[PDB]
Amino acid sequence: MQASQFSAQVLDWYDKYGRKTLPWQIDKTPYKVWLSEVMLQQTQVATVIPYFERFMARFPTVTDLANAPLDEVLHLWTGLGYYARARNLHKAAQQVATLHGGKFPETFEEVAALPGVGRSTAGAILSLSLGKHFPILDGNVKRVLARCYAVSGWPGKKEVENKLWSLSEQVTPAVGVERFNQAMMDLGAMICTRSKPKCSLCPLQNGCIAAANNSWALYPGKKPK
């Protein structure tokens, strides 16, 4: 499957099966996408949705979040777990208020420099909210690409991570990047699941090596020892 076929297939699927009615998909902005990405990274969507809504109501802009006392932020976070995310969230908001005039930055290096934001989260923020042409590589994406392309290694190894980023870059289009990147996360979350993926429901099933060999359990590699 040529990379142009991969993204065409994924975009066609997203058109007919995607949903873009999550609250961080309505009236999308860099702030909303960042907030949602941080919440989602160690929490399931069903649980995040009411927290997202409460945070957007209490903190309509990144400057409101920055000016709030940290204890109020932690209190609103209560129940999401992994509170280093909340502490980095608040620091990042403060850095946006201080360094960027309260306007969430729209260029990659400035986004990636925020506390709590890595390369994938920065490309997610800018691709999903502004259609900028960046690939992503969260756990969902890693599982889809590692299965399709038979990446055996543990992504905790630098060369394996690098191989996965190269594959992501290869399949990520510029045209329709916001749809493609949302679709890849939705696929990884709902279809290409950690256990017993639903390959018959997958738009990649015709080219996926794991599907061909019923070998999804091999990919990605797990932590060796």
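In this text, residue numbers run from 1 along the sequence as written.
When the mean C-alpha temperature factors of 162-170 and 191-199 are read from the deposited coordinates, 191-199 comes out higher. Higher mean CA temperature factor, per the PDB entry, when comparing 12-20 with 213-221: 12-20. Highest CA B-factor among the listed residues (177, 35, 70, 26): 26. Note on the listed residues 116, 81, 139, 123: the highest Cα temperature factor in the record is that of 139. Ranked against the other modelled residues of its chain, the C-alpha B-factor of residue 152 as given in the entry falls in the highest third. Among the modelled residues of the chain, residue 181 sits in the lowest third by CA temperature factor in this PDB entry. Placement of the Cα temperature factor of residue 107 within the chain: highest third of the modelled residues, per the deposited record. Residue 65 sits in the lowest third of its chain by CA B factor, as recorded in the PDB entry. Annotation for residue 57: C-alpha temperature factor in the lowest third relative to the rest of the modelled chain, per the entry.
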